[PDB]
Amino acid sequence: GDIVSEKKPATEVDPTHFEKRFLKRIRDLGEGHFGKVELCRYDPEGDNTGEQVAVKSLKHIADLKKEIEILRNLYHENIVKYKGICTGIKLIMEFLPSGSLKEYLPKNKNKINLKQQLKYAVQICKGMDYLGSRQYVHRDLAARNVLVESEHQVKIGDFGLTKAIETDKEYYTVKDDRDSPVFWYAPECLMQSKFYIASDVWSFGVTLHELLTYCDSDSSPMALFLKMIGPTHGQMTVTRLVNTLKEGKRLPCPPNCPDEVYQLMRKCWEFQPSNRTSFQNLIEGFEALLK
């Protein structure tokens, strides 16, 4: 008889599925090593009216898929929104036009006083506490990974190194560590590549320092540390860092930072993880300073 085709089923539209043919690149937002994030417009009508989105791709497939599964199931006002995927696979996120603290703080000093800084600090802590409650370690908390939604709101905006801590275990052991942000890392991470929730508290301390210096490049943790230890030690750098930290030396108080803010910061940097403050205690500390 007649050619037998297949009865077409009712094709619903998934709002989390972005078609590659309509995803149009505008510019690069950031990158390094294995992955990159690009600003695109998803423009299915082809008239330049479509939504702008942040697209994370690979320059490692399984890592990105894990990252996508983590972000997709995180819901918090201080965590960047998952929008969908393009399938190889690309992670589609909301685009925050003010960028990260790295871009925004140098340009908005007149706008952002100590009060607004402590409010960001509180919001970064709330996000991180949420992540910790879901049994995750972030491993990459730095100002460049903190996005500005508005003058009054920040969100944690990249989860590429985030790992799950096994239930009834205190830490995660890392193998791939070539490209570690060592000037943000707690001693136990540098020495044994173990990562506690308290190690994120340490990194938070260093992120708070960056906030307080408005992410000035000449006051960056890397810059300040390389002054403390020496900028020309090559592969001996990390060991000299570990050594300086053992001796009890820490980043200095930022200019115009009240001692009471600086002490909250120093509690992030107790050498022993069990001696460090928690995110909830940081929150309480900042809120007491705020009112």
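If you superpose the two forms and keep the largest set of C-alpha atoms that fall within 1.5 Å, you have the rigid core. When you see a residue number, it is the position in the sequence shown, counting from 1.
Remark: when the other structures in 9 other deposited structures of this protein are fitted onto this one via the rigid core, 170 to 178 deviates more than the alternative among 186 to 194 and 170 to 178, judged by RMS CA distance. Comparing 225 to 233 with 262 to 270 by root mean square Cα distance to the shown form in 9 other deposited structures of this protein, with the rigid core used for the fit, gives 225 to 233 as the more displaced stretch. Per the record, residue 87 and residue 88 are separated by 4 to 9 deposited residues that are missing from the model. Missing coordinates between residue 59 and residue 60 amount to 4 to 9 residues of the deposited sequence. Mean CA temperature factor is higher for 41 to 49 when stretches 41 to 49 and 65 to 73 are set side by side in the entry.
For the pair 158 to 166 and 117 to 125, the mean Cα B-factor is higher in 158 to 166. In this structure the maximum Cα B-factor among 94, 103, 176, 210 is found at 176. Sort the chain's modelled residues by C-alpha temperature factor and residue 202 lands in the lowest third, per the entry. Among all modelled residues in its chain, residue 145 ranks in the lowest third by Cα B-factor. In the deposited entry, the Cα temperature factor of residue 215 places it in the lowest third of its chain's modelled residues. Sort the chain's modelled residues by C-alpha temperature factor and residue 82 lands in the lowest third, per the entry. Among the modelled residues of its chain, residue 55 has a C-alpha B-factor that falls in the lowest third according to the deposited record.
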